Amino acid sequence: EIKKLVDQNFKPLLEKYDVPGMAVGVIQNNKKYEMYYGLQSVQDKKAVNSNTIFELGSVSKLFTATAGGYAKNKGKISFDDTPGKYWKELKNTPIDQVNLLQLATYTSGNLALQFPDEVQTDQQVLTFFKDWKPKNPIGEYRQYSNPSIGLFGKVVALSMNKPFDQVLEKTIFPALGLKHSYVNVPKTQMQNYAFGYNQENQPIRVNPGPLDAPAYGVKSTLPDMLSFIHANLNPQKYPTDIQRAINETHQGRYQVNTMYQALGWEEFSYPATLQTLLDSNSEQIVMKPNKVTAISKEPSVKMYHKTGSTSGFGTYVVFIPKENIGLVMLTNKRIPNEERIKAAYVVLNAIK
Ligand SMILES: *[B@]([O])([C][N]S(=O)(=O)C1=[C]N=C(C2=NN=N[N]2)[C]=[C]1)OP([O])([O])=O
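The sequence shown maps to residues -13 to 338 in the numbering used here.
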């Protein structure tokens, strides 16, 4: 029945949005299911398979959040610290009045989704943070942002003395059991890297950008993402450092109505209505700043999700610890976040 449920709910989306290829993974009671559809490459007629590498987009934030949780539990950082304590060069500039938790969770009060296009170099990055100056009451307003978690990410790599790409590929990925997850796809794996397809069905991949690795720059396979979901459902089986990191990412920090923000993960009381899952990615929540309130109801039974996108790829990831289930969907064309969320909802709810 798992296979038949995904065929009912995910398969039609390939035709509906002319998506070349898709990989849907389900984990239940420590049993993994992998469903593959279509092509990693239209021009090569190479099929999507277990070796196919997709761009995760903002699901990369979950790895950046896990890397921070690890660094905090090795004593390398505190989430009450300010960025200037590690990147000396910002060390009494006004960015050093925002703390790492506030960076991680988007409540600087003045960071947008993107850098400005003009910024590209390492010096242009450091200079934009040297010249960063306040706006909304720090800590009070959530606005989703690549530079913010991007800065948290870089600060985490500074506290670990290793550039960010190495923190993941030598430290975090091996600790999670991930064999084919990369910030940079090496030469021997380029044959498995899918093409993404833009809205003109042109084959494309992700463009270089400032602090792209920590905010949207991880590439993985379906087996690997199911391993990552496994880890989130069962952190007690992993090494102490990574287990503590994973638990750290599950703690709700504030609410923005029915969405609780954690470290990368969005958190909900379970069971959640569909529409509660949809509003987490409504334009209001994703693009416009919003004022945060303190957690009032600590949810008893929780569920977590995150969407991601580069211009050629779509990702969605969801897990419910207490039902011991989760789902990952990866596509090499963006479909609307709404459609990702709904199909997953029907598949998981139908398997109890
Ligand atoms: B993340 O995926 C952030 N997404 S984004 O909208 O900032 C974005 C989109 N596209 C790129 C890109 N394509 N090719 N080079 N770069 C980067 C960043 O969260 P979401 O799921 O989008 O809410």
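Don't be surprised by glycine CBs; every beta carbon is placed ideally from N, CA and C.
If you follow the alpha helix (DSSP H) that residue i is in, where does it begin and where does it stop?
| i | result |
| --- | --- |
| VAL333 | 323 to 336 |
| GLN270 | 269 to 272 |
| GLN229 | 226 to 235 |
| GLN261 | 260 to 265 |
| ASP210 | 208 to 219 |
In its own chain, which residues sit with a C-beta less than 7 Å from the C-beta of residue i, not counting the 5 before and 5 after it?
| i | result |
| --- | --- |
| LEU112 | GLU75 |
| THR52 | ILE158, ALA231, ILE232 and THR235 |
| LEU97 | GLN129, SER131, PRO133 and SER134 |
How far does the beta strand (DSSP E) with residue i in it extend, from its first residue to its last?
| i | result |
| --- | --- |
| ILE306 | 299 to 306 |
| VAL10 | 7 to 14 |
| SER27 | 17 to 27 |
| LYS(-10) | Taken as a continuous stretch (DSSP letters only), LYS(-10) belongs to no beta strand (DSSP E), being part of the alpha helix (DSSP H) at -12 to -5. |
| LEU112 | No beta strand (DSSP E) holds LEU112; the alpha helix (DSSP H) holding it covers 108 to 116. |
| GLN247 | 245 to 247 |
| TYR290 | 288 to 296 |
| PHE254 | 252 to 255 |
| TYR202 | Run containing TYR202: none in the beta strand (DSSP E); it sits in the alpha helix (DSSP H), 198 to 202. |
| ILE311 | 311 to 317 |
| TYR240 | 240 to 242 |
Whole-angstrom Cβ separation of residue i and residue j, contact assumed at under 8 Å?
| i | j | result |
| --- | --- | --- |
| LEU162 | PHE214 | 6 Å |
| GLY11 | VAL314 | 4 Å |
| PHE49 | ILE158 | 6 Å |
| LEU87 | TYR130 | Not a contact, Cβ separation roughly 16 Å. |
| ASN323 | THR296 | About 14 Å; that fails the 8 Å criterion. |
Can you list, in chain order, the residues of its chain whose CB lies under 8 Å from that of residue i, leaving out five sequence neighbours each side?
| i | result |
| --- | --- |
| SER282 | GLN241 |
| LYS274 | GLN129 |
Leaving out the 5 sequence neighbours to the left and right, which residues in its chain are closer than 6 Å to residue i when beta-carbon positions are compared?
| i | result |
| --- | --- |
| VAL278 | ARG128, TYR240 and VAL242 |
| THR317 | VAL5, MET8 and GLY300 |
| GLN229 | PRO221 |
| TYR246 | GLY238 and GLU253 |
| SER46 | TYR202, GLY203 and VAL204 |
| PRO285 | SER255 |
* **4-residue-minimum alpha helix (DSSP H) runs that sit fully inside the segment 119 to 153, ordered along the chain** => 132 to 146
* Asked: Which ranges would you report for the alpha helix (DSSP H) in the segment 18 to 93 if only whole runs of at least 4 residues count?
  -> 46 to 59 and 86 to 90
* Asked: What are the uninterrupted segments assigned as alpha helix (DSSP H) that are 4 or more residues long and contained completely in the segment 150 to 175, given in chain order?
  -> 159 to 162
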